[PDB]
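Just the one chain here, laid out as structure tokens, in the form deposited in one PDB entry.
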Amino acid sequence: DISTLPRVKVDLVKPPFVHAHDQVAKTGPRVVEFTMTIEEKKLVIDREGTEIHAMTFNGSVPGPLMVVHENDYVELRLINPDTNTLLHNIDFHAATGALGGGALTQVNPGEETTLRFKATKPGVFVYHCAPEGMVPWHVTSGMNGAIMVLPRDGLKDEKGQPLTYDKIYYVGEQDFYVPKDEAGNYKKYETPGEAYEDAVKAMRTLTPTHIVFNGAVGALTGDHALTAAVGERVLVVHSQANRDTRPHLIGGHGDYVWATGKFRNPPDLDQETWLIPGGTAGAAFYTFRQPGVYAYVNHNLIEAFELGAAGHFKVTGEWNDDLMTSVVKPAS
């Protein structure tokens, strides 16, 4: 009986950070309680000041990373305040039945609902909104995130030995389709309903106008760059709810990668770049060996450096000249 299980309430954090958890499960199965509040809000997504009407779980793009263990029950209270204008729901790729929960969680503004599902498969998974007839519009307005379902005994390598991360980050990658006029400037809209047909037209080009990490060009740089130390083991969970991506750590690797994110499989070793299919979350484990700045990108470099899909690590520690050195510095 589920009512006999411990309940634990989790307060979610903003990406790229992840709420506190234990890799190896320190209790038996639990009901893990999450609350998310849907927020429709204006967001500036690039340096030019382009502004879209984002559709968010808990105020951010992507929505926050939820973390549980296999055979836990996820119980989500989803709140759609009357300050929103649209109906929303949620579909968990981690769940089984009713369109991942979508058919059960349809909330008009001013409504709320509570869904519970059993996390029967270990892995990182996409979650996203999916209202009948308007699915890609909501997903491509930012209304998606991920959930990680850890094996009860934590992560394992291809030989079945433990892998333990010191830090974990969640990189949500978002394709936006800002409608353009004939001349190619971004078009502006007065209401959701007035925006919709132009939103559909832009999407159908299959050409994103922007592709960003954590909701905006440059969001994971500067003061908000990811950080680590030489010697630290870092897990980067990466999701793309609608379109393929190919993550790459410039100057590093994916030492162990579950490119399609499912932990009952052995990881792929020593990856330079890996393909995360649209509608998927993946995870990469890396131990840093050199200090300095790294870029973490979608390695369609146009998508990276022109459309926005690039962030940075700043890594502290000792430089290893055995691993790499400049023998003769650039000179004439």
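What we label the rigid core is the largest C-alpha set whose atoms superpose within 1.5 Å from one form to the other. In case it trips you up, residue 1 is the first one in the sequence shown, and so on.
If you look for the form deposited in another entry, you will not find it shown, but the lines that follow are about it.
Lining up the core between the shown form and the other one shows that one residue from 215, 192, 122, 179 moves its Cα 2 Å or more, and that residue is 192. Once the cores line up, the CA of residue 99 ends up 2 angstroms or more apart between the shown form and the other one. In that other deposited form, the CA atoms of residue 118 and residue 101 move farther apart by at least 3 angstroms compared with the shown structure. Here's the thing about residue 66 and residue 100: their CA atoms end up at least 3 Å farther apart in that other deposited form than they are in this form.
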